[PDB]
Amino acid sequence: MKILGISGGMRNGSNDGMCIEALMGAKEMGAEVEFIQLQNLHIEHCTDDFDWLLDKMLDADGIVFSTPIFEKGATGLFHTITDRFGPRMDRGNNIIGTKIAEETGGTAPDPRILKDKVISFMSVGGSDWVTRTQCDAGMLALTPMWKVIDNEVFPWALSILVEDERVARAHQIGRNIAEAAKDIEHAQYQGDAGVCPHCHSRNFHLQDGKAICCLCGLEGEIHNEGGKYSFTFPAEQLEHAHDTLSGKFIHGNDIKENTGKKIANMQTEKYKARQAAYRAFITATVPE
């Protein structure tokens, strides 16, 4: 089993160390290990080394991703890798495209793209402003529905590489990812139960009569039993969650529908006159 470790920190920083630590836990379990340090990569924003990177990820059996915490979440670069995962890694779309190619004499997309895969995350911060990073990390897995084994947060971690019990946890995380990689079918989540009984998220967006899991999308209700919170939802919802084939198919179906309505609207005069007025009213300023 090949475990790929990826770090988004400074070269030779803590995130590198925690990720190599995990890689060592994986080798202890017999895995072959590799390491990518994202500062060596050129990756543009979602409007160039990205493909190479995705290639490396597709060939791994499990991945361990260690990211710094910036403004409570992952770095902008992690969000950019999440952005660029859409067009390439959505499991619903790649299932559709493989079916359609097979049945229309088209060429078979990358088999690899549809292989099951396990992934674990570590978020390393310098304080306790860390309340959005785990959800950030979950999003990356959600597009391709990789199985999250561990999704750990490390606050007050500027000097983490001399905190032995925490470097130990990182080692344990690499043990787990390698073990999960040995049997991806029967591998099971090893992290914190959280509140969402499905996502395991603790991030909810709250409006009157509707609490929504910020990760899996389930709409239900949050309950406070003497300061302990908990999340219920109608079973029917499970059809719609964003990390299920059912939920993705619907989601895409809605995209194709609304993208049709748009293309048509773009030919109306309402659309064309309004756009023409915008072009006339102002011009975008740019640097010299």
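One-based numbering along the sequence shown.
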query	finding
Residue 47-residue 48 interval: deposited residues absent from the model	10 or more
Segment of higher mean CA temperature factor, 268 to 276 or 5 to 13	268 to 276
Selected stretch [higher average CA B-factor]: 53 to 61 or 218 to 226	218 to 226
Per the PDB entry, maximal CA B factor within 261, 27, 42, 242	27
Out of 83, 128, 116, 150, highest CA B-factor residue	116
B-factor third for the C-alpha atom of residue 79 within its chain	lowest
Record-listed C-alpha B factor of residue 161: chain third	lowest
Chain-wide C-alpha B factor ranking for residue 71, given as lowest, middle or highest third	middle
Ranked C-alpha temperature factor of residue 136 among modelled chain residues, by third	lowest
Chain third (lowest, middle, highest) by recorded CA B-factor, residue given as residue 172	middle
